[PDB]
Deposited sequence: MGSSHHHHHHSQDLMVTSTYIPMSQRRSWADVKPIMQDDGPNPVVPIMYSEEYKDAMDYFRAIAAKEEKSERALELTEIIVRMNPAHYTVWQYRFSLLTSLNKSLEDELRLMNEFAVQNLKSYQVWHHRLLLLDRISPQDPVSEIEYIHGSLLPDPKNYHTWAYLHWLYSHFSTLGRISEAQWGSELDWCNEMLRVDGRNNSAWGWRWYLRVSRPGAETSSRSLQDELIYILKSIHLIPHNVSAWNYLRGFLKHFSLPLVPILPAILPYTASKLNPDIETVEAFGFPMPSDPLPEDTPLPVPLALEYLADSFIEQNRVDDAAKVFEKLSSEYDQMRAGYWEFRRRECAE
């Protein structure tokens, strides 16, 4: 049986404060007794600006019932810092919230604030936790954004070693080996190899990256993630499309990877993004009529869901 807080000796000094909705609010929610009672006492705690262990316990009760309650999370973090609580213990509590499927923008942001304030000399333990947490959802957007933030923040402090960057690419390569269609892991590869400020740009690194992209396309020719990464790569580094055309032309029906002599089964031709590559390489050669003819086929035969877009591109050729 539930015991109301008005009947708890530890709370006898506190006068609860009711929610001030007005007399007949729209979108009212039928709250459980436990949740209303806890919020009635939270309003009083926050009114008197009490920073205490009982206030800390109360915030945990509330965010277990509603993990998206940003006001109570904000109050909880100020309780932790005011009381100089163990932030490593709090991080262990957040590990449980993930386990019991308590999640939101607010919980993820709480974890970031903890890491920021702990400011570990080496964040390797948190990196490994984040990697393991991707097991039930390898495309969790919050998790990938948090991983980006963690490496960016701690690299700004000089705390990501060359060995650490190297094993992060190793982990990224394995993620794409298990599912080459994971566009989140492709985005992470872009950070690791291209956009992060410490990335190497040399003729070797450009050659290596192009080899990995082309091998990935030859493994899964219909994988949009690989085509988009190829197009972004070439564009970002101002590299011509034409010299690579030998590897792309077999999909539109020399040193760098070529398609399998017989193509993999279940690979119907043409691949529409291969045709887009061909049209753009025609434009690079100033062969606008040839480009227009390819756009026209994309519009009327091969990618008809985008008939209007491909017609727009066709008309731009004139």
> Do you know which deposited regions have no coordinates at all?
Replying inline: 1 to 18, 272 to 283, 349
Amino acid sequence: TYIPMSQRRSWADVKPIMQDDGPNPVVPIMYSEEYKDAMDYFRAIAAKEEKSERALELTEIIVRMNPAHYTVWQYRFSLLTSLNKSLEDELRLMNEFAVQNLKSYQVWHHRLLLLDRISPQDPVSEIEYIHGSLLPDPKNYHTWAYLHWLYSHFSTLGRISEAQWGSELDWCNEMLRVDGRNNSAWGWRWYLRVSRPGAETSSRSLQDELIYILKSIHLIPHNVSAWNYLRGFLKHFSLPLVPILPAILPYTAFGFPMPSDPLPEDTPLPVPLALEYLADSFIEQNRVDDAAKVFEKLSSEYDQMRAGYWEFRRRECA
From here on, numbers count along this sequence of modelled residues.
>> Considering only other entries where residues before and after it are modelled, is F254 without coordinates in at least a third?
In response: yes
>> Tell me which stretch, 142 to 150 or 210 to 218, has the higher mean Cα B-factor listed in the entry.
In response: 210 to 218
> Comparing 75 to 83 with 101 to 109, which stretch shows the greater average C-alpha B-factor in the deposited entry?
Replying inline: 101 to 109
>> Out of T156, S202, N182, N228, whose C-alpha atom has the biggest B factor in the entry?
In response: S202
>> According to the Cα B-factor stored in this entry, which of the following is highest: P272, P67, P28, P268?
In response: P268
>> Quick check on the deposited entry: does the C-alpha B-factor of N95 sit in the lowest, middle or highest third of its chain?
In response: highest
> Which third of the chain does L134 land in by C-alpha B-factor: lowest, middle or highest?
Replying inline: middle
> Based on the entry's values, in what third of the chain does the Cα temperature factor of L114 lie: lowest, middle or highest?
Replying inline: lowest
> C-alpha B factor of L234, ranked within the chain: lowest, middle or highest third?
Replying inline: middle
> Should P120 be placed in the lowest, middle or highest third of its chain by the C-alpha B factor in the entry?
Replying inline: middle
